[PDB]
Amino acid sequence: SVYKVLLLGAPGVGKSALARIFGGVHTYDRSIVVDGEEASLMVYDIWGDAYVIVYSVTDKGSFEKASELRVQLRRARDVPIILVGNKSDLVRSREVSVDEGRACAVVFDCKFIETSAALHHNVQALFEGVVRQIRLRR
Ligand SMILES: Nc1nc2c(ncn2[C@@H]2O[C@H](COP(=O)(O)OP(=O)(O)NP(=O)(O)O)[C@@H](O)[C@H]2O)c(=O)[nH]1
Ligand SMILES: [Ca+2]
Ligand SMILES: [Mg+2]
């Protein structure tokens with residue numbers, strides 16, 4: 001019983017940072033307990049049992065690319081998709097709002113979370129969600 005997770009997204013959004021925090025220990029293994037049940041995770045920083053599409057909240061381009069990739073996945077080859085807006089710490093140079101990120105997620109059938117790899121914020125919550133989500137579909 002594997003849980004392979006593919007890390008997708010535009011350049012420099014924080015993909016490896018998120019993976020390296022979670023792991024582990026680019027392929028990153030790690031066994032977490034959600035939310036009563038042990039679950040193992042294999043996180044793939046490619047640049048699947050779930051796709052994590054990362055954008056930077058300070059980079060509106062990576063956000064639109066994120067949406068573009070979401071519709072691509074929806075048309076190709078179902079699997080959970082998590083939309084992640086990383087770098088929530090850079091409050092001055094933010095170009096995408098939370099609600100804009102959360103509203104995008106609903107309409108296009110994503111789970112949504114904002115993280116900051118810099119502050120280790122919601123990184124654990126992200127990967128616990130992925131497990132929960134894989135579990136909704138299975
Ligand atoms: N302030 C802040 N900086 C972050 C955060 N996450 C990543 N960064 C910074 O953003 C840069 C890119 O991070 P990285 O994880 O390498 O992104 P990437 O998506 O792997 N880039 P690439 O696809 O080009 O390899 C790094 O210099 C890193 O320190 C975050 O949450 N907050
Ligand atoms: Ca189930
Ligand atoms: Mg990288």
Side-chain angles (χ1 to χ4, degrees), residues 1-24 26 28 30-77 79-138:
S1 47
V2 25
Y3 283 149
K4 298 184 203 71
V5 178
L6 281 30
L7 246 36
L8 314 184
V13 293
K15 289 186 293 303
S16 303
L18 287 168
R20 286 190 321 253
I21 296 178
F22 173 80
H26 276 206
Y28 301 83
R30 157 94 185 270
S31 309
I32 63 178
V33 44
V34 188
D35 23 45
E37 298 184 276
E38 333 141 273
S40 173
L41 271 231
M42 274 94 100
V43 187
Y44 294 86
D45 178 37
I46 62 156
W47 285 110
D49 286 294
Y51 295 72
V52 169
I53 299 179
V54 192
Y55 70 92
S56 176
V57 293
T58 69
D59 181 345
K60 204 194 61 169
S62 71
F63 177 62
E64 78 195 10
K65 172 64 66 61
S67 290
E68 158 202 356
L69 183 56
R70 173 58 180 103
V71 170
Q72 264 196 291
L73 252 10
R74 164 87 176 210
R75 274 171 200 152
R77 311 95 64 84
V79 307
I81 309 187
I82 297 77
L83 188 59
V84 180
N86 183 55
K87 305 203 177 168
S88 69
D89 56 294
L90 299 170
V91 180
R92 296 162 205 146
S93 53
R94 176 194 280 265
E95 292 168 19
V96 193
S97 63
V98 177
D99 298 331
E100 181 182 359
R102 184 159 35 235
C104 205
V106 256
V107 187
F108 285 109
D109 188 27
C110 295
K111 203 284 177 212
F112 174 74
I113 202 170
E114 282 203 350
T115 62
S116 164
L119 293 175
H120 290 27
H121 186 234
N122 280 349
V123 175
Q124 205 55 54
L126 161 63
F127 285 96
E128 289 185 0
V130 165
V131 168
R132 213 148 302 192
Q133 207 54 217
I134 292 160
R135 290 169 172 183
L136 257 194
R137 299 283 222 261
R138 289 339 155 285

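We're numbering straight along the sequence, starting at 1.
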> State, to 0.1 Å, how close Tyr3 and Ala39 come at their nearest heavy-atom pair, and which atoms those are.
CE1-CB, 3.9 Å
> Check the hydrophobic clustering (I, L, V, M, F, W, Y; side-chain heavy atoms under 4.5 Å; chains of links allowed) and say if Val123 and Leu119 are grouped together.
no
> Does a side-chain N-to-carboxylate-O contact under 4.0 Å join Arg20 and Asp45?
no
> Nearest 0.5 Å please: distance from the CD atom of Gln133 over to the CZ atom of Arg138.
9.0 Å
> Can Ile21 and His120 be said to form a side chain to side chain contact (heavy atoms under 4.5 Å, CB included), step by step?
CA-CA 7 Å; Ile21 296 178; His120 290 27; 3.7 Å; yes
> For the backbone of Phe22 and the side chain of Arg30, can you confirm whether one donor and one acceptor N or O come within less than 3.5 Å of each other?
yes
> Drop me the distance from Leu90's CG to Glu95's CD, to the nearest 0.5 angstrom.
11.0 Å
> Under 3.5 Å, is there a donor-acceptor pair between the side chain of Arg74 and the main chain of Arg70?
no
> Would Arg132 and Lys111 count as a side chain to side chain contact (heavy atoms under 4.5 Å, CB included) if you check the C-alpha gap in whole Å, the side-chain angles of each, and the deciding distance to 0.1 Å?
CA-CA 10 Å; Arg132 213 148 302 192; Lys111 203 284 177 212; over 6 Å; no
> I want to check something: taking the side chain as every heavy atom from C-beta on, are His121 and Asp89 in contact at a cut-off of under 4.5 Å?
no
> State the OG-CG distance between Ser116 and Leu18, to the nearest 0.5 angstrom.
8.5 Å
> Any link between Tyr51 and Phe108 through a network of hydrophobic side chains (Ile, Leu, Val, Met, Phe, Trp, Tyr) touching at under 4.5 Å?
no
> Report the C-alpha separation of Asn122 and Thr115 in whole Å, then their side-chain angles, then the decisive distance to 0.1 Å, and conclude whether the side-chain hydrogen bond (donor to acceptor under 3.5 Å, both in side chains) test is met.
CA-CA 5 Å; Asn122 280 349; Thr115 62; over 6 Å; no
> Are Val34 and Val43 in one and the same hydrophobic cluster, where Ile, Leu, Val, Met, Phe, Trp and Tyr link if side-chain heavy atoms are under 4.5 Å apart?
yes
> Is any side-chain heavy atom of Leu126 less than 4.5 Å from a side-chain heavy atom of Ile82?
yes
> Using side-chain heavy atoms (C-beta onward) and a distance below 4.5 Å, is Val84 in contact with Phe112?
no
> Using only atom types and a distance under 3.5 Å, with no angle test, would you say the side chain of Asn86 pairs donor to acceptor with the backbone of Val54?
no
> Kindly compute the distance separating CG (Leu41) from CZ (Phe127), expressed to the nearest 0.5 Å.
7.0 Å
> Are the side chains of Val79 and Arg137 in contact, using a 4.5 Å heavy-atom criterion?
no
> According to a hydrophobic-cluster definition based on side-chain heavy atoms being under 4.5 Å apart (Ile, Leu, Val, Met, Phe, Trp, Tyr only), do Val2 and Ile46 belong together?
yes
> Using 0.5 Å steps for rounding, measure from the NE2 atom of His26 to the OG atom of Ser16.
5.0 Å
> Return the set of residues passing side-chain contact (heavy atoms from CB on, under 4.5 Å) with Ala66 (not counting sequence neighbours), or none when no residue passes.
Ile53, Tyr55, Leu83
> I'd like to know if the side chain of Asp49 reaches the main chain of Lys4, judged simply by a donor and an acceptor atom lying under 3.5 Å from each other, with no hydrogens or angles considered.
yes
> What salt bridge (charged side-chain N to carboxylate O under 4.0 Å, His left out) pairs are there with at least one residue in residues 112-121, not counting sequence neighbours?
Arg94-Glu114
> Using only atom types and a distance under 3.5 Å, with no angle test, would you say the side chain of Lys15 pairs donor to acceptor with the backbone of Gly9?
yes
> Per the side chain to side chain donor-acceptor pair (under 3.5 Å) rule, what does the pair list look like for residues 58-67, sequence neighbours excluded?
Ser56-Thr58
> Which value, rounded to the nearest 0.5 Å, describes the distance between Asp109 atom CG and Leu73 atom CG?
11.5 Å
> Between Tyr44 and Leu69, is there a shared hydrophobic cluster once you connect ILVMFWY residues whose side-chain heavy atoms come closer than 4.5 Å?
yes
